[PDB]
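Starting off, we have a lone chain in the form solved without the DNA, written out as structure tokens.
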């Protein structure tokens, strides 16, 4: 899963108030759509993952249906948000 250094950097130190586009799998174009949806910060998006009880099918359908992310980009957000939770939750 050739994730960018952001995936390891994200699960290597707190998220603080970093921008949504900072989450692995979310690019600048996708971060803009979530931002227009009321998610101007990554911690708001991690909240959605927690609300879905880590349901991978509900999360991927939610992200894809919410912005159009591909099956591939959603996998990076699932493991990226989920691994952060494993070290942090």
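Positions refer to the first chain, counted from 1.
The following text describes the form solved in complex with the DNA, which does not appear among the structures shown.
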| property | result |
| --- | --- |
| Residue 30, heavy atom within 4.5 angstroms of the DNA in the entry with it bound | yes |
| The DNA contact in the entry with it bound: residue 18, any heavy atom under 4.5 Å | no |
| Proximity of residue 71 to the DNA in the entry with it bound, heavy atoms at 4.5 Å | yes |
| Any non-hydrogen atom of residue 24 within 4.5 angstroms of the DNA in the entry with it bound | yes |
